[PDB]
Undergrad: 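Encoded as structure tokens, here's the structure I'll be asking about.
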Amino acid sequence: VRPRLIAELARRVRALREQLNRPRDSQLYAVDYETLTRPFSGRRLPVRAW
Amino acid sequence: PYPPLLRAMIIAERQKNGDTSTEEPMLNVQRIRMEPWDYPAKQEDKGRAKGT
Amino acid sequence: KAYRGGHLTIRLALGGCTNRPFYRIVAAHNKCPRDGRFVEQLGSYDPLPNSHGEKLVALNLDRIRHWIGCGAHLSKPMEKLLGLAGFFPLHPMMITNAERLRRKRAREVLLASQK
Amino acid sequence: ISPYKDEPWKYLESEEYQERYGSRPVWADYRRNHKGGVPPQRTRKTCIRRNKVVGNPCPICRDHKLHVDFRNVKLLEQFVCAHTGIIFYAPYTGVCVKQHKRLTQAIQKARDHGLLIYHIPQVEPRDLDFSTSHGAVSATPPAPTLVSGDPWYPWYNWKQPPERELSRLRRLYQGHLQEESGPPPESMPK
Amino acid sequence: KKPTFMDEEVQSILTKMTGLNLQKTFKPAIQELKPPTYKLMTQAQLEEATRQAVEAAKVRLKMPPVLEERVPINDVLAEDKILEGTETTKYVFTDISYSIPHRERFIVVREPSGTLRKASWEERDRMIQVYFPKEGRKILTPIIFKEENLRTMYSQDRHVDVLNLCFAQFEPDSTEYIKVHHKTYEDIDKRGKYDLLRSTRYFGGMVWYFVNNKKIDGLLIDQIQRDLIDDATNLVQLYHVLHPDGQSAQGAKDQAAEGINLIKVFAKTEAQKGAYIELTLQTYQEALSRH
Amino acid sequence: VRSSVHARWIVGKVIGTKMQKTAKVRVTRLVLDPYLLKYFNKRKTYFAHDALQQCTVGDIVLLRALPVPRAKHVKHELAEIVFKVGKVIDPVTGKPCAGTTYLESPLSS
Amino acid sequence: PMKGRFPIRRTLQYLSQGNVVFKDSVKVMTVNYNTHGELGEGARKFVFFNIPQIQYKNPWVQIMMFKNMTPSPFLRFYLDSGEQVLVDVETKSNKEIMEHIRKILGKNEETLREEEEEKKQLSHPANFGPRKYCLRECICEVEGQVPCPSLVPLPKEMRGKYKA
Amino acid sequence: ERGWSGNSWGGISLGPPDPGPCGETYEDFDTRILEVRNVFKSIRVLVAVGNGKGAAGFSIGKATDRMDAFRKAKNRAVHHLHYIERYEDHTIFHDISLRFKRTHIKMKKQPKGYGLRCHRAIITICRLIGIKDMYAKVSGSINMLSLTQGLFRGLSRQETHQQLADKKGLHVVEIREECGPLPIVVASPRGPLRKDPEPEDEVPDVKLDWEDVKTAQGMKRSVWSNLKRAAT
Amino acid sequence: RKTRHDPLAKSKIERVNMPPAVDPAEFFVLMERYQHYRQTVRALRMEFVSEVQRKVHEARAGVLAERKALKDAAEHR
RNA sequence: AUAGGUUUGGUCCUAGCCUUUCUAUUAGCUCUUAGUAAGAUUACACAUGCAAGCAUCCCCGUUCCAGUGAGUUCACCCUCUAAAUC
Ligand code: FES
Ligand SMILES: [K+]
Ligand SMILES: [K+]
Ligand SMILES: [Mg+2]
Ligand SMILES: [Mg+2]
Ligand SMILES: [Mg+2]
Ligand SMILES: [Mg+2]
Ligand SMILES: [Mg+2]
Ligand SMILES: [Zn+2]
């Protein structure tokens with residue numbers, strides 16, 4: 001089997017970059033009260049919570 | 001009580017094996033405690049939104 | 001084949017032809033296709049009434065009990081079928097639908113009386 | 001027009017049939033026209049197309065007095081092997097597919113009516129034990145609910161919720177409420 | 001107690017009365033044929049092969065048990081009135097677990113009214129044939145069993161074929177099985193066709209029916225005419241043990257009747273056609289003396 | 001359950017002894033020819049651990065599977081020497097033999 | 001004609017006529033026999049006629065043969081436990097050898113019947129599926145049930161084209 | 001009616017043989033042409049005759065005119081008749097494998113209703129003989145004269161059940177699958193019967209044919225075998 | 001079906017899934033019915049699990065299996 | 001293969017080619033109705049519109065289903081043992 005080292009390198013780099021670029025609670029759980037959407041993702045909250 | 005068909009099978013097997021008890025087959029539900037759907041869950045096991 | 005997560009479920013796989021459905025009650029991985037690979041066939045269900053006016057349901061109850069005891073889930077139509085068989089309690093939604101149909105027919109009868 | 005339509009079997013003990021065929025099968029002298037030494041593996045579909053016969057009609061279609069009927073047992077026997085009871089395949093006798101299907105149906109009907117003798121084997125019993133004592137075929141003791149006329153479980157019946165719970169739900173679903181439903185009809189409305 | 005049809009004594013009497021004709025028992029079947037095989041055999045080897053064939057014939061002639069008509073199944077497992085009117089057709093639920101005897105297999109019906117009940121015998125048989133098909137059985141009753149078709153079969157002297165079809169189609173304790181067997185026996189008795197069932201597994205059942213219905217005159221006549229005097233005497237003895245309180249048995253005890261004397265006492269006491277029995281017996285005795 | 005090696009017990013002939021504490025053994029099995037329906041010998045090479053170096057080229061040995069492979073190709077060990085090359089002891093009578101003749105007569109004891 | 005002496009040996013019927021199914025303990029069978037000498041004659045026939053049948057019925061059992069290594073012919077069986085079973089076959093006929101090995105290390109007929117019954121359970125007759133696995137494809141093949149639309153067109157009322 | 005083909009002489013009937021100089025009539029015999037060949041001009045014809053009851057023969061006739069050749073061949077054939085033994089007057093007594101020169105013929109006894117599954121010339125000759133059920137395979141050179149000669153030799157050298165019983169001094173017992181384990185004695189020795197049984201041969205040293213075995217085991221895949229054909 | 005890399009449809013940018021209207025009485029009765037049904041079903045599932053594990057234990061180290069193993073070992077001896 | 005045609009002035013033998021059988025695709029010409037099944041040549045490039053949401057916010061899902069046959073002994077059995085369901 002030909003070694004697949006680029007895959008391992010990519011996996012390790014992605015893991016490192018995810019554990020150094022963690023989004024914080026202030027970013028993840030912020031809300032725009034006028035539109036009731038998460039600015040981090042843009043996804044609208046369910047109606048029953050508005 | 002057991003469901004009708006399952007109760008019938010339990011009784012039929014009981015009679016086949018020679019036992020002639022008249023006691024109804026019965027399901028214990030004491031150990032099945034019904035938790036309200038809004039009871040707090042384990043936050044430790046919950047995931048997190050991935051950065052992107 | 002390894003699926004990410006998933007579980008065994010007892011469900012209905014559709015066979016037959018156009019306008020003529022037939023169901024095989026099978027235990028299969030929930031991620032597998034509806035009519036694809038399965039672990040074991042646990043019965044059948046012909047939804048069309050036959051020449052005797054009957055809907056035939058075959059249930060391999062020993063194997064159904066075995067697979068439930070092995071951690072298999074159940075699709076809602078399968079739960080309703082087992083409720084009709086008397087193997088399970090009648091599903092809440094069957095009772096609710098029966099009550100809703102009763103109320104609708106009462107409304108229709110009241111309309112007829114009003115007219 | 002044949003005078004034997006109502007009673008086809010008559011044609012087989014008429015002297016005309018004896019002159020034409022004698023004691024040999026009605027298909028004995030027939031021969032298919034084809035290229036090569038190996039014939040095609042199916043016969044023609046039908047010798048009669050829009051009330052017109054083809055050049056070489058098959059044994060059944062060449063004689064209009066021969067009627068494929070389940071009561072014409074003597075004719076049907078000529079298309080069944082007397083030593084094995086197996087219906088000859090169509091290229092064996094040269095009958096077209098239509099008449100072969102008709103003969104097969106007639107033979108099956110004659111066998112089902114007891115008019116054609118066929119081998120009926122002797123089989124073993126379905127079950128080893130003939131007891132009828134099991135609960136599957138005997139009577140199961142009625143459950144107490146079945147005696148008392150109650151549902152199998154109490155929750156099968158509608159119970160009006162308390163007013164406090166209904167008010168709590170009306171507070172929870174402000175502005176998205178539908179008309180409150182009372183207890184359902186006790187029986188199915190007719 | 002009164003003997004059963006499976007009693008070893010009754011079984012032995014009926015086995016000897018049936019007979020064992022190898023040529024009839026192993027008549028050439030009309031089926032797909034294969035080239036025969038050939039063996040060089042001594043006299044001893046031929047005798048051993050004949051004995052093995054006799055054993056195979058004995059296995060083939062084993063008598064089906066005679067069963068009483070099954071009682072109808074009328075049992076309600078539940079009455080869920082909430083489901084009434086929600087469905088237009090009944091549901092039939094068959095438990096198809098492999099290792100269960102078919103008479104211990106749970107088959108239930110959910111009716112449109114909401115009643116969960118047990119299946120009837122006919123429904124049970126139909127479902128078992130649906131899911132566990134048996135060679136020779138059909139889901140729907142064949143039309144051969146109608147009155148006119150069975151009359152045709154009788155007119156062709158194909159009674160054994162009718163009984164084989166009945167055995168393949170119906171269960172022994174079913175109403176249809178009992179009715180068809182009884183009508184075949186009645187035809188045989190009415191037309192003196194007892195030899196048709198000899199050396200078959202149905203002769204014992206036919207004899208049992210005749211004895212239990214007190215109509216052994218025709219069979220006794222046939223046995224006397226075929227010079228099977230031992231069979232007739234055994235038939236009379238079986239009649240006596242089945243009906244030990246009848247006039248015939250008491251007369252046989254009183255007169256110490258044995259052998260042909262038993263037949264004479266039966267003809268004088270409890271024969272619907274005793275005069276013709278006496279005539280045939282006298283003819284048999286006269287021919288025996290002449291020979 | 002006791003081993004991860006497929007071949008549990010195998011009889012073979014020693015064909016090599018040039019490795020340290022390892023015997024190279026030739027094992028033949030009978031394989032059916034699908035077309036001819038005749039059984040032919042199929043050969044496979046096995047490395048067997050021989051701690052004492054008691055194996056000689058040409059002797060018939062029994063090999064038992066190791067619980068786990070001790071090397072890339074060494075998955076078995078020498079359970080015993082069934083037939084020492086040129087030093088066969090007749091298992092039936094227990095006497096030494098040279099081919100089909102008794103070196104020591106069975107009657108001698 | 002078929003090549004070789006006794007070509008019947010190279011037929012599947014002959015190979016399946018074998019009656020020795022070894023227990024699961026037997027792993028290896030060594031057959032030591034002599035090419036010459038009347039006393040081992042039966043053993044030679046055992047190699048000629050019965051080893052193919054034994055191998056056919058026991059594919060995973062290693063069978064190995066040895067010639068003219070000992071004064072007498074013998075069989076040795078090696079078991080999974082490490083036990084070895086020695087069977088002297090000198091002065092015996094090949095039938096005697098077959099019967100002996102069947103008796104001492106062969107599965108009895110009861111166990112084989114139990115295995116066959118266990119096999120039967122896998123092919124459940126009530127299961128519907130391909131002919132390769134099931135007696136029937138679909139419930140439409142059962143008499144009295146609604147037939148396939150391929151053969152019998154369904155009435156206009158139960159078809160979606162005329163229900164819409 | 002046509003022969004094996006529309007333009008072929010083979011299979012054509014020539015009618016009954018003419019009354020002979022010996023004074024015998026042959027109205028119960030039928031004649032069939034097997035081959036017609038130009039000899040370089042004259043004509044050589046191979047014909048076969050038979051009464052359908054085991055009496056059959058064949059002959060070569062050479063003449064400048066075809067009809068004279070037919071007559072010569074037919075008249076000579078009636079005076080060189082074979083008698084062919086038939087098992088139950090419908091088939092042969094046992095399988096026959098023969099080679100005449102380079103032509104191999106392998107014939108198999110078959111049950112009733114099997115019909116004649118044979119080379120067309122063999123079908124014609126079997127109809128003349130009265131054999132109604134048989135299988136035959138012809139291999140090697142397909143030479144009509146050699147085929148006819150080999151067929152007649154093989155059919156004339158078959159051992160009946162009675163001959164086998166007299167030779168071995170034992171009962172010949174027939175086992176039929178349709179008749180169960182019933183032993184049917186088809187032949188018994190006319191002389192005394194041996195009290196010693198035949199050696200129960202564990203494995204007979206019979207020469208098997210790879211075609212028969214391959215057909216039995218299911219590795220014969222020929223698209224030409226077991227094809228539907230007209231009744232023969 | 002779409003993968004997580006496929007963009008959302010432009011026709012669905014402004015879509016709100018309005019929750020369905022609620023009937024208080026039926027809602028409450030349905031909640032109670034689901035609770036009771038799920039309790040019964042969990043009891044049945046636990047019984048089936050106990051049955052399965054019991055069958056496994058009986059197959060591996062049951063009295064019948066022990067006697068069979070002893071008989072087989074002896075008969076081999 | 002139940003075989004057949006074809007080398008020579010002729011016979012026999014050997015030997016190839018072809019015919020007869022059954023499927024699939026495409027082409028010509030010709031085609032009425034009903035039911036069912038199946039349905040790009042191309043791992044070439046793609047306009048356009050849809051194919052993943054749900055839900056009192058967290059999460060969960062979008063790693064599935066659906067598609068293709070480019071590459072190609074990763075698929076099967078045993079041992080061991082994660083993740084997952086109960
Ligand atoms: S295959 Fe069953 S309906 Fe078509
Ligand atoms: K969610
Ligand atoms: K590919
Ligand atoms: Mg022409
Ligand atoms: Mg050629
Ligand atoms: Mg030329
Ligand atoms: Mg076209
Ligand atoms: Mg784990
Ligand atoms: Zn026609």
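Note that these values count all heavy atoms, side chains included, but never hydrogens, waters or copies made by symmetry. Chain identifiers are assigned alphabetically (A, B, ...) following the order of the sequence lines, protein sequences preceding nucleic acid strands; residue numbering begins at 1 within each chain.
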Undergrad: Report the residue (C:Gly6 or C:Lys31) whose heavy-atom-nearest nucleotide on RNA chain J is the more 5′ of the two.
TA: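 Mapping each residue to its closest nucleotide by heavy atoms, the 5'-most match is C:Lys31.
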Undergrad: Going by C1'-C2'-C3'-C4' alone, is J:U7 a north or a south sugar?
TA: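 It is south, as the sign of the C1'-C2'-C3'-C4' dihedral turns out negative.
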Undergrad: With the side chain of A:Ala49 defined as its heavy atoms from C-beta on, choose the nearest nucleotide among J:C12, J:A1, J:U56.
TA: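 Selected nucleotide (nearest to the side chain): J:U56.
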Undergrad: Looking at H:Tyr135, is H:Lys137 sitting on its ring face, NZ or CZ under 6.0 Å from the six-membered ring centre and within 45 degrees of the normal?
TA: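 No cation-pi geometry.
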Undergrad: Do G:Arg131 and G:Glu141 meet the salt-bridge criterion of a basic N to acidic O distance under 4.0 Å?
TA: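 Looking at G:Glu141 and G:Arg131, the cut-off is met.
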Undergrad: Locate the shortest heavy-atom distance separating D:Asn33 from H:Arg2; write the atom from each residue and the value.
TA: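 Smallest interatomic distance, heavy atoms only, reads OD1-NH2, 2.7 Å.
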Undergrad: Could you check how far NZ of I:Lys12 sits from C1' of J:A52, rounded to whole Å?
TA: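 Taking atom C1' of J:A52 as the reference, NZ of I:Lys12 is at 7 Å.
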Undergrad: I:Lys2 side chain to I:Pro7 main-chain N or O, any donor-acceptor pair under 3.5 Å?
TA: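 Such a contact is found between I:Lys2 side chain and I:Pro7 backbone.
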Undergrad: Taking Watson-Crick and G-U wobble pairs with both distances under 3.5 Å, convert RNA chain J into its dot-bracket string, 5' to 3', dots for unpaired and | for cross-strand pairs.
TA: (.((((.........)))))................................(......)..........................
Undergrad: Label J:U63 north or south, basing it on the sign of the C1'-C2'-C3'-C4' dihedral.
TA: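 South (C2'-endo side).
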Undergrad: Distance check needed: J:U2 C1' versus H:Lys108 NZ, whole Å only.
TA: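 For the pair H:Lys108 NZ and J:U2 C1', the rounded distance is 13 Å.
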Undergrad: Do the non-hydrogen side-chain atoms of H:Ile92 and H:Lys109 ever get within less than 4.5 Å of each other?
TA: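 Counting from C-beta outward, H:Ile92 and H:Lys109 do come under 4.5 Å.
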Undergrad: Please list, by residue number, the residues of residues 43-52 of chain B whose heavy atoms come closer than 4.0 Å to an atom of RNA chain J; answer none if no residue qualifies.
TA: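 Within residues 43-52 of chain B, the residues near RNA chain J are B:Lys46, B:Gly47, B:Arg48, B:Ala49.
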Undergrad: Rounding to a whole Å, what distance do you find between A:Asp25:CG and J:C59:P?
TA: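 In whole Å, J:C59 P lies 9 Å from A:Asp25 CG.
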Undergrad: Which nucleotide in the set J:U21, J:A66, J:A52 lies at the smallest distance from any side-chain heavy atom of C:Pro33?
TA: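 Out of J:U21, J:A66, J:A52, the nucleotide with an atom closest to C:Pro33's side chain is J:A66.
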Undergrad: Between C:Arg11 (side chain) and C:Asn30 (backbone), is there a donor-acceptor pair under 3.5 Å?
TA: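 Between the backbone of C:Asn30 and the side chain of C:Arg11 there is a qualifying donor-acceptor contact (under 3.5 Å).
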Undergrad: Check H:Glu35 with H:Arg44, please: is the shortest side-chain N to carboxylate O separation under 4.0 Å?
TA: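 A salt bridge is present here (some side-chain N lies under 4.0 Å from a carboxylate O).
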Undergrad: Between F:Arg2 and G:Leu151, which is nearer to the 5' end of RNA chain J once each is assigned its nearest nucleotide?
TA: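 Final value for this comparison: G:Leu151.
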Undergrad: Which nucleotide, J:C57, J:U36, J:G4, lies nearest any side-chain atom of A:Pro46?
TA: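 The listed nucleotide nearest to A:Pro46's side chain is J:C57.
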Undergrad: North or south for the sugar of J:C57? Use the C1'-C2'-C3'-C4' sign convention, positive meaning north.
TA: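 On the sign test, where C1'-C2'-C3'-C4' is negative, J:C57 is classed south.
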Undergrad: Using a cut-off of 6.0 Å, state whether more than 12 heavy atoms not belonging to B:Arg48 lie near its atom CZ.
TA: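 Count over threshold, so yes.
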Undergrad: In terms of the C1'-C2'-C3'-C4' torsion, is J:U56 a north or a south sugar?
TA: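 Negative torsion, so south.
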Undergrad: Choose from J:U36, J:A3, J:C58 the nucleotide whose nearest atom is closest to any side-chain atom of G:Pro149.
TA: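 Between J:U36, J:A3, J:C58, the one nearest the side chain of G:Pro149 would be J:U36.
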Undergrad: Within 45° of the axis and under 6.0 Å from the centre of the six-membered ring of C:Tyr3, does NZ or CZ of C:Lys31 qualify?
TA: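 Not flagged: C:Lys31 not positioned over aromatic ring of C:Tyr3.
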Undergrad: Tell me whether the sugar of J:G9 sits north or south, going by the sign of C1'-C2'-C3'-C4' (positive is north, negative is south).
TA: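 Torsion sign positive, so north.
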Undergrad: Verify, without hydrogens or angle tests, whether I:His57 (side chain) and I:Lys55 (backbone) share a donor-acceptor contact under 3.5 angstrom.
TA: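 Side chain of I:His57 to backbone of I:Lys55, a donor-acceptor pair under 3.5 Å: no, none is there.
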Undergrad: Taking the side chain of I:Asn17 as its heavy atoms from C-beta onward, which of J:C54, J:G4, J:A51 lies nearest to it?
TA: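 Ranking J:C54, J:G4, J:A51 by closest atom to the I:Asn17 side chain puts J:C54 first.
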Undergrad: With hydrogens left out and only the distance checked, is there a donor-acceptor pair under 3.5 Å joining A:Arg43's side chain and the base of J:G53?
TA: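 Per atom types, the contact qualifies.
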Undergrad: Expressed in angstrom and rounded to an integer, what is the separation of I:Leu8 atom CG from J:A52 atom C1'?
TA: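 Answer to the nearest Å: 9 Å.
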